[PDB]
Structure formats: C-alpha cells, structure tokens
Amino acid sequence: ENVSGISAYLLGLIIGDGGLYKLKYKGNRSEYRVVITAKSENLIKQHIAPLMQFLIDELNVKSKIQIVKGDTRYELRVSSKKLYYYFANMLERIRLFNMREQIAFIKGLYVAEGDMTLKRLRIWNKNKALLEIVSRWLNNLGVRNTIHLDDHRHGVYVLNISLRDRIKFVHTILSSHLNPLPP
C-alpha cells in the first residue's frame, strides 16, 4: 500500500525530528498536534508537505498544513485529533510493521536522525528501546550493526551500521524506489 508506506516514512520524521502533542489550554480548551521540524524551509514545503497533504487527503482529514517560522527552524504542523491518533496508534503497534513499513520507517528516521554525510552510517536517539527494534529489523535485512552510549553527557545512544554492509544498507533502505525517496 502506498498509504502505509508514506505513513511509515512520515512517522520516522515525526519521531525523529518532531512529535505528537496532546495539549490542554485554559479554559477546558484542547489541541492535538502532529509536528515535523527542520532548518530548511524548502525541504518542508517541497519534500515533506506534499507527502503529508496526500495522507491528509486519503484519510479525509479536514485540517490544514501549517508551516510556521520559528527562531531556529521551520515547523510543519497539522492540528487534528484524527491525525494525532492515526500516528499515535501506528507507533503503539510498531513491532508489527511489515517489510514495506520497516523500510520506510527506517528511511524517515535516518533522514531525521542519521549521519547525512554517509561517510559513516549512524542513528542517534535517547530511546534505546526504539533503536533495538531498528537493530533487529536491520539484522533481518542482512545489515550488521551495533548500539552504544555515544553521548554520556545527555544519555544519547547511537546505532552504528557496519561499513561492511554500506552498500547493502544504502541501496536497500535509503535508495528504495518502493517508498518516498529521501533528500
């Protein structure tokens, strides 16, 4: 499914570079936000927004894509209870992703939290449990890898992909024509 592939790719960006927020305001007001942040205004308008719009359209979600200018980065934001629970639930059953979803989700996550030079192959995150899930998926794909505590200051773990499988990983996960192609 095109929809499931795209969803999974977005979830990787969201988990990596944004978030899912259930906000409570005065007085009894609420808001449900789906967010991806990024330094480049173009990357958001030209690569991400179209992907999100499409999804919003397939799900018949009524909200709009807001792009907000912040002091340090741009924010792509969708305010929508439906979309919020769409992704929140998708995340809960992450261990049940098929292979299309695993591949897409890793692509998005790498685009968000990865070594973009590609000189090394690395994914940082404080959530070890999440990295271990990606570790198992990668192993099943024949991409060897390890997980260590990289940043002792803040508790950040890195998942190191072995250069031995550089080609396997790059051609298989990053350059996959089956899902949204990375930047």
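One-based numbering along the sequence shown.
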Mind pulling up the entry and telling me whether 116 to 124 or 31 to 39 has the higher mean Cα temperature factor? 116 to 124
Would 72 to 80 or 96 to 104 have the larger average of its C-alpha temperature factors, as given in the entry? 96 to 104
Entry-reported Cα temperature factor of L59, expressed as the chain third it lands in: middle
Relative to the other modelled residues of the same chain, rank the CA B-factor of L13 and answer lowest, middle or highest third. lowest
Sorting the chain's modelled residues by C-alpha B-factor, tell me whether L20 ends up in the lowest, middle or highest third. lowest
Ranked by Cα temperature factor within the chain, is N139 in the lowest third, the middle third or the highest third? highest
